[PDB]
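One structure is given here, and the rest of the page talks about it.
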Amino acid sequence: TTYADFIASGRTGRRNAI
Amino acid sequence: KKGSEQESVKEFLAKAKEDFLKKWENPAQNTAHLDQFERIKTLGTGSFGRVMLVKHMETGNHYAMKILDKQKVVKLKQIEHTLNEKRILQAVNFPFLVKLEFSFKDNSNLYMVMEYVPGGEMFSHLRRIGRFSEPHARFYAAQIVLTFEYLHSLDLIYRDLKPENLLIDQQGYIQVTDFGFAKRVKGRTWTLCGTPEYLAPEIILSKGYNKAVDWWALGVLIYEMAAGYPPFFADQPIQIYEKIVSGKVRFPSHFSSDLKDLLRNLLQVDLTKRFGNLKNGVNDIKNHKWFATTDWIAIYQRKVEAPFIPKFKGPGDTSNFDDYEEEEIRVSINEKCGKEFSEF
Ligand SMILES: CCn1c(-c2nonc2N)nc2c(C#CC(C)(C)O)nc(OC[C@H](N)Cc3ccccc3)cc21
């Protein structure tokens, strides 16, 4: 599932532009 | 079937520009000093500074204070952005924007003192709850649409829409924060900036962009709020950009037909076909089926009951924010970057 792929990528946390 | 409420909105936006231009022309400077505030705790961190919970000592009022290291702002090429941020913040006035209360600078740092929103970021609530229902997502979306309508009428581009930058207040309403990439732009601008997941194709293709990138980002936000994850993600940013520019989006099966249609029009790679950027402008978004139940005036007036109110534990509570290790704020004996931050 896509949601599972999203969890698997360590980019679920707060994302900073800079 | 009455549209004299659009005549009133036109008149509202005309008054809003008049007030903006007065403050834009004659901005505020050094409205406070660092010794008037009690530093309590770090609320957030960044590459060129940090945000702190603070207490105005004479009054007792809690505020957020963004502290920017001038040397690091110069190093990371954010000088113009920092100047944009302050000048825009001091000139704007809208229900769903965080207010700048004070600004000042010293030898080492720039300081912006602003409204504290203890409810914390939408991001944390979304990640915990998993995803929001469509009515819940629509409630927040409606506030962002009205905020972009206001900002765009003043020729401002926001360029950093994401759950991280939307705070939830005591009434459950949005407070848009982080004006770091906000810019006043008539016509085009060229800076590559923002968060990969939320970048419009124009920005990635390095071609020159306008207000329309905000409406693209709204699509990404509405998708992520309703799905629990964003439409374009991958292990690394470069793979995210490939997906963004491809013109391919997959929707969860639970997304309504109306939601899918709105998002197809917002996540339109061709900018001449993107909702918000057509001849009817924002009204294409406002008149869409998905917003059929939205009372736009009631939302602006804050008369709609919020679907979610965060747990209130006092005006100085920070339980909705992560914890950060605490470094002392050192002000140098020598003035740093005096010329670069002269108009701050
Ligand atoms: C801690 C969450 N937070 C709050 C806030 N939380 O509760 N009440 C609030 N107002 N305000 C924030 C602002 C802002 C702003 C203005 C001045 C209004 O544009 N910027 C953030 O981040 C900026 C940047 N993305 C990373 C950063 C951070 C620090 C240095 C350098 C870079 C975070 C913010």
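Things to note:
- Whether region B:161-237 is rounded, prolate or oblate, judged on the alpha carbon gyration tensor where a/c under 1.5 counts as rounded: oblate
- In terms of other Cβ atoms within 10 Å, B:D19, B:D106 run from fewest to most in the order B:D19, B:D106.
- Measuring between their Cα centroids, region B:16-66 and region B:215-239 lie 31 Å from each other.
- Among residues other than A:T1 with Cβ under 14 Å from its Cβ, the summed charge is +1 (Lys and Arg +1, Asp and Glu -1).
- Spherically averaged projected area of chain B from its Cα convex hull (nm²): 18.1 nm²
- Taking a ≥ b ≥ c as the square roots of the eigenvalues of the Cα gyration tensor, an a/c ratio of 1.5 or more together with a/b no larger than b/c marks region B:83-208 as oblate.
- Principal axis dimensions, the protein assembly as shown - Cα atoms, whole angstrom, descending: 61, 50, 45
- Taking amide H atoms as placed 1.01 Å from N in the peptide plane, the amide H of B:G228 lies under 5 Å from those of B:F132, each 5 or more residues away in sequence or on another chain.
- Binning all Cα-Cα separations of region B:230-284 at 5 Å, short to long from zero, yields these whole-percent fractions: 4, 18, 23, 21, 19, 12, 3, 0.
- Relative contact order (%) - criterion: Cα under 8 Å, at least six apart; region: chain B: 20 percent
- By definition, a body whose alpha carbon gyration tensor gives a ≥ b ≥ c is oblate when a/c is 1.5 or more and a/b is not larger than b/c, and region B:8-162 fits this oblate description.
- Estimated purely from DSSP H runs of n ≥ 4, each contributing -39500 (n - 2.57), the mean residue ellipticity at 222 nm for the protein assembly as shown is -10500 deg cm²/dmol once divided by its residues.
- Region B:263-344: Rg to Rh, with Rh as the Kirkwood radius over Cα pairs: 1.21
- Interchain or long-range residues, amide H under 5 Å from B:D317's placed H: none
- Chain B: DSSP helices with Cα axial extent of at least 15 Å and average Kyte-Doolittle hydropathy no lower than 1.0: B:212-227
- For region B:168-320, the Kirkwood radius over C-alpha pairs fed into Stokes-Einstein at 4 °C and 1.567 mPa s yields D = 74 µm² per second.
- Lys/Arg +1, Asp/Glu -1 at C-beta; region B:198-314 dipole; positive extreme among B:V245, B:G228, B:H288: B:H288
- For B:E58, neighbours were defined as the other residues whose beta-carbon sits under 12 Å from its Cβ, and their charges (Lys and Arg +1, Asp and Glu -1) total -1.
- Sequence-separation-based contact order of region B:218-306, relative, with Cα cut under 8 Å and 6+ spacing, percent: 19 percent
- Since only B:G194, B:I174, B:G208 are under comparison, the one whose Cα sits farthest along the positive direction of the charge dipole of region B:155-217, derived from C-beta charges on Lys, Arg, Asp and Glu, is B:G208.
Just so you know, all these numbers are worked out from the coordinates, no wet-lab data involved. So basically every Cβ, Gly included, is an ideal-geometry build from the backbone, and we count neighbours across all protein chains shown.
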